[PDB]
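Protein chains in written order, with the authors' numbering: chain B, 294 to 326; chain A, 19 to 49. The C-beta atom is built at its ideal place from N, Cα and C for all residues, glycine as well.
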């Protein structure tokens, strides 16, 4: 189905992106306190 | 839990790969 396969792609693409923007910041907060 | 321990896994990189290849060496040997 063309409808649900893109709603579950934007919400999947955002949650993998939220781990990147938090991953490149919390690791920068953790290194060299 | 925070990322305080998710650095040693990276720190111990070879020791994880050598513990996974030895698992496939018994998994394929089981087949």
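Under a criterion of Cβ atoms nearer than 7 Å, the residues of chain B adjacent to residue 21 of chain A are, in order, 319, 320 and 323. Between residue 21 of chain A and residue 301 of chain B, the C-beta spacing is not below 9 Å. Annotation: residue 46 of chain A to residue 39 of chain A spans about 10 Å, alpha carbon to alpha carbon.
Taking the Cα positions, residue 312 of chain B is about 23 Å away from residue 297 of chain B. Here the alpha carbon of residue 32 of chain A sits roughly 29 Å from the alpha carbon of residue 308 of chain B. Pairing residue 35 of chain A with residue 326 of chain B, the inter-Cα distance amounts to about 30 Å.
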